[PDB]
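First the structure, in the form of structure tokens, and then the observations on it.
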Amino acid sequence: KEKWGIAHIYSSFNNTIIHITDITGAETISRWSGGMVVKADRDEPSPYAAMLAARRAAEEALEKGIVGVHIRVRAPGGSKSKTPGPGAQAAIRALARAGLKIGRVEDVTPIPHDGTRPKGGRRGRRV
Amino acid sequence: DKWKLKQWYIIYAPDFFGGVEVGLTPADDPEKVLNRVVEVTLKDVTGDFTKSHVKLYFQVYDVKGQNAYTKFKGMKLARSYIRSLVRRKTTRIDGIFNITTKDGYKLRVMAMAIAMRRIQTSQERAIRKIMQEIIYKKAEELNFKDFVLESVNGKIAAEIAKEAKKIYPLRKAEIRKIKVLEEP
Amino acid sequence: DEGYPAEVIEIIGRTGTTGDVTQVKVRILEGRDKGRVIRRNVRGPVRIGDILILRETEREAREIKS
Amino acid sequence: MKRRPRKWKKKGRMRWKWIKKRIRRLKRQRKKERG
RNA sequence: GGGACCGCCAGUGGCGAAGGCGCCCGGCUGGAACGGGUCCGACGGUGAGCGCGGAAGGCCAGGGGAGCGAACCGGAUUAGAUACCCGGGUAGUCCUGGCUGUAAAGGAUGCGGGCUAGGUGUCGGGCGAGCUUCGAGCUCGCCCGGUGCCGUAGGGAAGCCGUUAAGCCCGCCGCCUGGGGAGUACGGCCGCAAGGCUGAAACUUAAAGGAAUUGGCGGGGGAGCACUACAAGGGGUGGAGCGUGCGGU
């Protein structure tokens, strides 16, 4: 029978991590980050790495018998930012175009009802 | 390589949902399949696309060779759907209750109501009171499984809207999320 | 040379730093995505019907804003 | 500590907070010298 | 397992004397509106002296400590960096019992009564209609009370206000008398302490200060431009010599 996986995508403003797991999500099947593929620290969160590393994970996932996958995109959330990093949709195109069937795409960014105080002091990050 | 050491087990639903095939999972040992949770939409159970928003969490408890059976640990509506329903110039009423079933199952149930316009608070309290009464009554009348089924059906929600129209017309009454606390 | 020729069907408008670069719309005439419409970038003057060569069909240009 | 708001328009002078701190430090020292 | 906080619904909403107050339920309690003379009969306004509670931060005694983060410790930046940026990090942030009586605590508008064109919304209560799948539902007008916008006359240096006055009258305290010296010296009182309340003098100075017009300028915003701007392409100087001239001998 057709097998379904779950693609946890975690795209910050500094990196992007693609982690493909089973339907129960308890088994790490493919786990490729932006740092694996580019040697410059500043290019990790780019959609280019989110393309390339995502395809590198996708082919291995196809090799291990999984053809279909759902997507779960997670911005850092919590007390951190809420907007997904730029490369999330790029990686989504990666999985779609690398042969994987795409099922349900839902967001799983952890939103706090009332959480901790954020970082940087009262007057914000005075860049 | 450890992947060659794995094996794939099939999983089913609980009986009251028909025990339909849901998926397969790789695992080294059958004991490692115990205490595993799977999230599956209601369209993937009944095939109805109107209830894709609904999601059901099944907790695995039985491993019979390659067969794996599961119980109903929780349910939750889609956060996208919840976000869509909520809108400005409207009042969101959240009612959280702890309930025992007729067979003794323990549950925490959270129900949402949305009205047409901004509304006075006491009217919202009356709405909460009405639906408190009705779900308490159904908890004492129905057993655990049929209660789960009807809550998923939305018949309770529609009846609740009918009863709460006597206080204010509701745009939509619904059940958002349910968590099973304990079992008898 | 595994290039993918595609045909210019519409010009979105100038973009990029200097404005020299032009945002274009191109139809994929061959390959695995035959008939697909793509927003792409061009360097050098362009017309309606230029056979732009693609190294990849995966890249789609970001929407330009005003 | 009577506070004249007019002393807060920063032209030709320091931010009033810092002169206030300076003078307070001076007061501490002078009282300590007398004990 | 732990601590903190109760997002969306949220808005000029609402309540409170002010600071301030937001998850749900149960209880105790303050206050007001609205509708009724339903009772009493000027019992009122203001308040020197007095009293009361009153954001943060700091302090005293004991607990607590998730994140955050004064001081401090490193990484980085820079001519120099005791900072901005990054990694840490104590006090504090929380609970109990006290102190300290503080802020651009600002509507920078002390409080009560009478009058003075208007239109318009929202909030709550009442009234009259109409709709109603019969709701503490839905549409229009009015009265009351609260709260915004526009705006006539009028006011004001103007900015602007204009029945929520900063208009005209009637009541009561405080506060002000060129800038600085100064919120200092001295004295007194208060507080455990930081420090709070009160507060001059000599001397110095031709102004300080407020609104608004024009320009100039912005490492503000918007629009239109290019060869003294650039993208594409080409040519070419400063390396050697010499012509010419500038500075210097």
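In the structure tokens, chains take the letters A, B, ... in the order shown, each chain's residues start at 1, and ligands count up from 1 in the order shown.
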Pull the closest atom pair for each residue of chain E that gets at most 10 Å from chain D, along with the distance in Å to one decimal, counting only C-alpha atoms (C1' of nucleotides), ordering rows by chain and then ascending residue number, as a Markdown table.
| residue | atom | partner | partner_atom | distance |
| --- | --- | --- | --- | --- |
| E:104 | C1' | D:5 | CA | 8.9 |
| E:108 | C1' | D:5 | CA | 9.9 |
| E:182 | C1' | D:2 | CA | 9.4 |
| E:183 | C1' | D:2 | CA | 5.2 |
| E:184 | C1' | D:23 | CA | 9.2 |
| E:194 | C1' | D:28 | CA | 10.0 |
| E:195 | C1' | D:24 | CA | 9.6 |
| E:196 | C1' | D:1 | CA | 8.0 |
| E:197 | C1' | D:1 | CA | 9.0 |
| E:209 | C1' | D:6 | CA | 9.2 |
**Request:** Could you list, as number ranges by chain, the residues of chain A having an atom within 10 Å of chain C when counting only C-alpha atoms?
**Result:** A: 47-48, 51, 90, 93-94, 97
**Asked** Would you give me, as an MDAnalysis selection string, the residues in chain B that DSSP reads as strand (DSSP E or B)?
**Response** chainID B and resid 7:12 21:27 37:41 55:64 67:76 92:100 106:115 170:182
**Prompt:** Residues at most 10 Å from residue 109 of chain B, counting only C-alpha atoms (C1' of nucleotides), excluding those fewer than 2 positions away in the same chain, as a list in words?
**Reply:**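 Here the answer would be residues 75, 95, 96, 97, 98, 99, 106, 107, 111, 135, 151, 175, 176, 177, 178, 179 and 180 of chain B.
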Please, could you write that set of residues out with N, CA, C and O atoms as a JSON list (two decimals), in the first residue's frame?
[["chain", "number", "residue", "atom", "x", "y", "z"],
["B", 75, "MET", "N", -9.13, 14.88, 19.74],
["B", 75, "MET", "CA", -9.54, 15.46, 18.47],
["B", 75, "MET", "C", -9.39, 16.97, 18.51],
["B", 75, "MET", "O", -9.50, 17.59, 19.57],
["B", 95, "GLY", "N", -16.00, 27.80, 26.00],
["B", 95, "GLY", "CA", -16.48, 27.07, 27.16],
["B", 95, "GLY", "C", -15.70, 25.79, 27.37],
["B", 95, "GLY", "O", -15.75, 24.88, 26.54],
["B", 96, "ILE", "N", -14.98, 25.71, 28.49],
["B", 96, "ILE", "CA", -14.12, 24.58, 28.81],
["B", 96, "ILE", "C", -14.75, 23.83, 29.97],
["B", 96, "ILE", "O", -15.10, 24.44, 30.99],
["B", 97, "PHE", "N", -14.90, 22.52, 29.82],
["B", 97, "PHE", "CA", -15.55, 21.70, 30.83],
["B", 97, "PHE", "C", -14.81, 20.38, 31.00],
["B", 97, "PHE", "O", -14.17, 19.88, 30.07],
["B", 98, "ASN", "N", -14.90, 19.83, 32.20],
["B", 98, "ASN", "CA", -14.37, 18.52, 32.53],
["B", 98, "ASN", "C", -15.55, 17.60, 32.81],
["B", 98, "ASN", "O", -16.39, 17.91, 33.66],
["B", 99, "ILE", "N", -15.63, 16.49, 32.08],
["B", 99, "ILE", "CA", -16.86, 15.70, 31.99],
["B", 99, "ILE", "C", -16.53, 14.22, 32.13],
["B", 99, "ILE", "O", -15.54, 13.74, 31.57],
["B", 106, "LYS", "N", -13.16, 9.87, 31.30],
["B", 106, "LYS", "CA", -12.89, 11.24, 31.71],
["B", 106, "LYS", "C", -12.38, 12.06, 30.54],
["B", 106, "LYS", "O", -11.50, 11.62, 29.79],
["B", 107, "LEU", "N", -12.92, 13.27, 30.40],
["B", 107, "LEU", "CA", -12.69, 14.07, 29.22],
["B", 107, "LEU", "C", -12.58, 15.54, 29.61],
["B", 107, "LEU", "O", -13.14, 15.97, 30.62],
["B", 111, "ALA", "N", -15.68, 24.06, 23.77],
["B", 111, "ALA", "CA", -16.66, 24.41, 22.75],
["B", 111, "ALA", "C", -16.66, 25.91, 22.48],
["B", 111, "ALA", "O", -16.57, 26.71, 23.41],
["B", 135, "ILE", "N", -24.51, 19.83, 27.37],
["B", 135, "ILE", "CA", -23.48, 18.80, 27.28],
["B", 135, "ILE", "C", -23.41, 17.98, 28.56],
["B", 135, "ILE", "O", -23.11, 16.79, 28.48],
["B", 151, "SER", "N", -20.33, 14.22, 18.81],
["B", 151, "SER", "CA", -19.53, 15.44, 18.87],
["B", 151, "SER", "C", -18.81, 15.67, 17.56],
["B", 151, "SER", "O", -18.72, 16.81, 17.08],
["B", 175, "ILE", "N", -17.60, 22.56, 18.18],
["B", 175, "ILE", "CA", -16.65, 21.95, 19.10],
["B", 175, "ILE", "C", -15.28, 22.05, 18.46],
["B", 175, "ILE", "O", -15.09, 21.62, 17.32],
["B", 176, "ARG", "N", -14.32, 22.64, 19.18],
["B", 176, "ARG", "CA", -12.97, 22.82, 18.66],
["B", 176, "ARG", "C", -12.09, 21.62, 18.98],
["B", 176, "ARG", "O", -11.55, 20.98, 18.07],
["B", 177, "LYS", "N", -11.93, 21.31, 20.26],
["B", 177, "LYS", "CA", -10.92, 20.35, 20.69],
["B", 177, "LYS", "C", -11.41, 19.59, 21.91],
["B", 177, "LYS", "O", -12.16, 20.12, 22.76],
["B", 178, "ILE", "N", -11.02, 18.32, 21.96],
["B", 178, "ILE", "CA", -11.39, 17.40, 23.03],
["B", 178, "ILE", "C", -10.16, 16.57, 23.37],
["B", 178, "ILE", "O", -9.51, 16.03, 22.46],
["B", 179, "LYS", "N", -9.86, 16.44, 24.66],
["B", 179, "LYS", "CA", -8.72, 15.68, 25.14],
["B", 179, "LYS", "C", -9.19, 14.65, 26.16],
["B", 179, "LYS", "O", -9.85, 15.00, 27.14],
["B", 180, "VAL", "N", -8.85, 13.38, 25.92],
["B", 180, "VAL", "CA", -9.24, 12.31, 26.83],
["B", 180, "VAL", "C", -8.28, 12.33, 28.01],
["B", 180, "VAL", "O", -7.06, 12.18, 27.84]]
Report as a PDB file with N, CA, C and O atoms, in the first residue's frame all protein, DNA and RNA residues lying within 8 Å of residue 71 of chain A, evaluated on only C-alpha atoms (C1' of nucleotides), omitting residues in the same chain fewer than 3 positions from it.
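Dumped to around-v4.pdb:
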ATOM      1  N   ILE A   6       5.761  12.515   6.735  1.00  0.00           N
ATOM      2  CA  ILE A   6       5.522  13.860   7.237  1.00  0.00           C
ATOM      3  C   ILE A   6       6.815  14.640   7.102  1.00  0.00           C
ATOM      4  O   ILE A   6       7.861  14.199   7.592  1.00  0.00           O
ATOM      5  N   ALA A   7       6.747  15.795   6.455  1.00  0.00           N
ATOM      6  CA  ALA A   7       7.908  16.645   6.232  1.00  0.00           C
ATOM      7  C   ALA A   7       7.809  17.827   7.183  1.00  0.00           C
ATOM      8  O   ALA A   7       7.048  18.766   6.942  1.00  0.00           O
ATOM      9  N   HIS A   8       8.561  17.768   8.276  1.00  0.00           N
ATOM     10  CA  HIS A   8       8.697  18.907   9.164  1.00  0.00           C
ATOM     11  C   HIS A   8       9.709  19.868   8.561  1.00  0.00           C
ATOM     12  O   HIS A   8      10.886  19.524   8.405  1.00  0.00           O
ATOM     13  N   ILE A   9       9.248  21.060   8.206  1.00  0.00           N
ATOM     14  CA  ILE A   9      10.099  22.116   7.679  1.00  0.00           C
ATOM     15  C   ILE A   9      10.186  23.194   8.742  1.00  0.00           C
ATOM     16  O   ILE A   9       9.164  23.601   9.306  1.00  0.00           O
ATOM     17  N   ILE A  92       9.077  23.408  -0.326  1.00  0.00           N
ATOM     18  CA  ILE A  92       7.815  22.782  -0.707  1.00  0.00           C
ATOM     19  C   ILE A  92       7.838  22.433  -2.187  1.00  0.00           C
ATOM     20  O   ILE A  92       7.465  21.325  -2.595  1.00  0.00           O
ATOM     21  N   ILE A 102       2.189  15.230  -2.748  1.00  0.00           N
ATOM     22  CA  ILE A 102       1.961  16.211  -1.693  1.00  0.00           C
ATOM     23  C   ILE A 102       0.514  16.089  -1.239  1.00  0.00           C
ATOM     24  O   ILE A 102      -0.411  16.243  -2.044  1.00  0.00           O
ATOM     25  N   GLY A 103       0.318  15.835   0.053  1.00  0.00           N
ATOM     26  CA  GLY A 103      -1.008  15.616   0.597  1.00  0.00           C
ATOM     27  C   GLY A 103      -1.609  16.856   1.220  1.00  0.00           C
ATOM     28  O   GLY A 103      -2.069  17.751   0.504  1.00  0.00           O
ATOM     29  N   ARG A 104      -1.626  16.916   2.548  1.00  0.00           N
ATOM     30  CA  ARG A 104      -2.129  18.069   3.284  1.00  0.00           C
ATOM     31  C   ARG A 104      -0.962  18.937   3.730  1.00  0.00           C
ATOM     32  O   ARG A 104       0.020  18.429   4.280  1.00  0.00           O
ATOM     33  N   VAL A 105      -1.074  20.238   3.491  1.00  0.00           N
ATOM     34  CA  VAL A 105      -0.071  21.212   3.903  1.00  0.00           C
ATOM     35  C   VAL A 105      -0.704  22.078   4.976  1.00  0.00           C
ATOM     36  O   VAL A 105      -1.622  22.857   4.691  1.00  0.00           O
ATOM     37  N   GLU A 106      -0.209  21.957   6.204  1.00  0.00           N
ATOM     38  CA  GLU A 106      -0.725  22.694   7.345  1.00  0.00           C
ATOM     39  C   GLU A 106       0.423  23.333   8.106  1.00  0.00           C
ATOM     40  O   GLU A 106       1.552  22.840   8.097  1.00  0.00           O
TER      41      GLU A 106
END
**Item:** Contact residues around residue 109 of chain E with only C-alpha atoms (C1' of nucleotides) at 12 Å, ignoring same-chain residues under 5 positions, as a VMD selection string
**Value:** chain E and resid 161 164 to 166
Within 10 Å of chain B: each chain A residue with its shortest pair, only C-alpha atoms, as a tab-separated table:
residue	atom	partner	partner_atom	distance
A:1	CA	B:24	CA	8.4
A:2	CA	B:23	CA	8.4
A:3	CA	B:24	CA	6.7
A:4	CA	B:23	CA	7.3
A:5	CA	B:25	CA	9.2
A:21	CA	B:25	CA	9.8
A:22	CA	B:25	CA	6.2
A:23	CA	B:25	CA	6.4
A:24	CA	B:38	CA	5.2
A:25	CA	B:38	CA	8.1
A:26	CA	B:36	CA	7.5
A:27	CA	B:26	CA	7.6
A:29	CA	B:3	CA	8.7
A:64	CA	B:3	CA	8.5
A:104	CA	B:41	CA	9.6
A:106	CA	B:80	CA	7.9
A:107	CA	B:80	CA	8.0
A:108	CA	B:79	CA	8.6
Would you mind listing, for every residue of chain B within 6 Å of chain E, the two atoms forming the shortest contact and the distance between them in Å to one decimal, using only C-alpha atoms (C1' of nucleotides), sorted by chain and ascending residue number, as a Markdown table?
| residue | atom | partner | partner_atom | distance |
| --- | --- | --- | --- | --- |
| B:91 | CA | E:9 | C1' | 5.3 |
| B:92 | CA | E:9 | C1' | 5.1 |
| B:166 | CA | E:135 | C1' | 4.6 |
| B:167 | CA | E:135 | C1' | 4.5 |
| B:168 | CA | E:135 | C1' | 5.2 |
Take the residues just selected and output them with N, CA and C atoms as a short mmCIF file (atom, residue, chain, number, x, y, z; two decimals), in the first residue's frame.
data_model
loop_
_atom_site.label_atom_id
_atom_site.label_comp_id
_atom_site.auth_asym_id
_atom_site.auth_seq_id
_atom_site.Cartn_x
_atom_site.Cartn_y
_atom_site.Cartn_z
N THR B 91 -17.84 38.28 18.62
CA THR B 91 -17.52 37.87 19.98
C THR B 91 -17.29 36.36 20.03
N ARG B 92 -16.11 35.96 20.51
CA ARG B 92 -15.72 34.56 20.60
C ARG B 92 -15.96 34.08 22.02
N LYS B 166 -32.25 31.41 21.18
CA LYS B 166 -33.20 31.98 22.12
C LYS B 166 -32.60 33.13 22.93
N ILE B 167 -31.28 33.26 22.96
CA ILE B 167 -30.60 34.38 23.60
C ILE B 167 -30.04 35.34 22.57
N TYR B 168 -29.33 34.81 21.57
CA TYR B 168 -28.83 35.64 20.48
C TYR B 168 -28.55 34.74 19.29
#
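These are the residues of segment 61-123 of chain A assigned helix (DSSP H, G or I) by DSSP from backbone coordinates: residues 61, 62, 63, 87, 88, 89, 90, 91, 92, 93, 94, 95, 96 and 97 of chain A.
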What are the nearest atom pairs, with distances in Å to one decimal, for all residues of chain C that come at most 8 Å from chain E, using only C-alpha atoms (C1' of nucleotides), set out by chain and rising residue number as a tab-separated table?
residue	atom	partner	partner_atom	distance
C:18	CA	E:231	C1'	5.8
C:19	CA	E:231	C1'	7.8
C:20	CA	E:231	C1'	6.0
**Message:** Quick check: residues of chain E within 8 Å of chain A, only C-alpha atoms (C1' of nucleotides), returned as a count of residues only.
**Reply:** 9
**Request:** Tell me, as a list in words, which residues lie within 9 Å of residue 34 of chain E, counting only C-alpha atoms (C1' of nucleotides); anything in the same chain fewer than 6 positions away does not count.
**Result:** residues 124, 125, 126, 144 and 145 of chain E
